[PDB]
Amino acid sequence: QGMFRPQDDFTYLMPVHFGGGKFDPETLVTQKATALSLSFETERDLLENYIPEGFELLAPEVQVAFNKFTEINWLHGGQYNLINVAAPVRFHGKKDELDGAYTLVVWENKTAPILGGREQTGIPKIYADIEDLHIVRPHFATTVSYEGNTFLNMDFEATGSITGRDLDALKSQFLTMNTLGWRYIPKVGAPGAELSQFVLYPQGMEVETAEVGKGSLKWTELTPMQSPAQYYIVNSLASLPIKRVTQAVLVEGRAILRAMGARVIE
């Protein structure tokens, strides 16, 4: 008989049998970060279709942000990019009430954080190719694509540096974020869920420098042959009219995250 048994005060991910690590309440994710952060106004009714019962949509707004993380401690010095898509919500739990960003989808260009995000915290991470920013100052751009098929373009024209009070306001702000997810695991060979729970991951970045500017984005609808596992996600978000881009900032700094600060909410 097999000799593998999990240890009591350890944490794991599949494959568990190759071992894991001692639980530490003060486990950290540390990394350098750049973010291009946009908000756009859309149609409330249409966006509500994508927000689960239990949450209230606080504003007819979608938040879309490119982030690039470098010198990542838990990846022993590697890097990755992500596109975050969220909506501002209030959670009306039976135990917890709080405001945050309901995560719609996150694209990332590396699998390891995808697995971790989904399995540990119910963040709806999926893969895409995500260019680092192309820069002809004052212009910044990225492109996101699935197997050669473009589906999101972002552009930003920096118009000025944020300093003084306004930078304090910006900093103080970014420092605290309530990221909300939904960890769902399906039944095996049957409809429905084996596990289904909402999750809060408190995070924040320490902004060092910031610019304001003119932001834009564009979705390109995809066919199943183009993006078989994601076409309907893309096409759903593309259906949300971009009425106006209301916010656009480019920030540079670091993050120090208490990964064990995540918790189930209900």
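Heads up: residue numbers just count along the shown sequence, starting at 1.
Averaged over their C-alpha atoms, the temperature factors of 79-87 and 188-196 are higher for 188-196. If you average the C-alpha B-factors over 150-158 and over 163-171, the higher value belongs to 163-171. In the deposited coordinates, the residue among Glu53, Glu221, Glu211, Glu41 with the greatest CA B-factor is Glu53. Sorting the modelled residues of the chain by their CA temperature factor places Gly117 in the middle third. In the deposited entry, the Cα temperature factor of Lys94 sits in the top third of values across the chain's modelled residues. Per the deposited record, the Cα B-factor of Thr111 falls in the lowest third when ranked against the other modelled residues of its chain. Ranked by Cα temperature factor within the chain, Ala101 sits in the middle third according to the deposited record.
Ranked by Cα temperature factor within the chain, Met177 sits in the highest third according to the deposited record.
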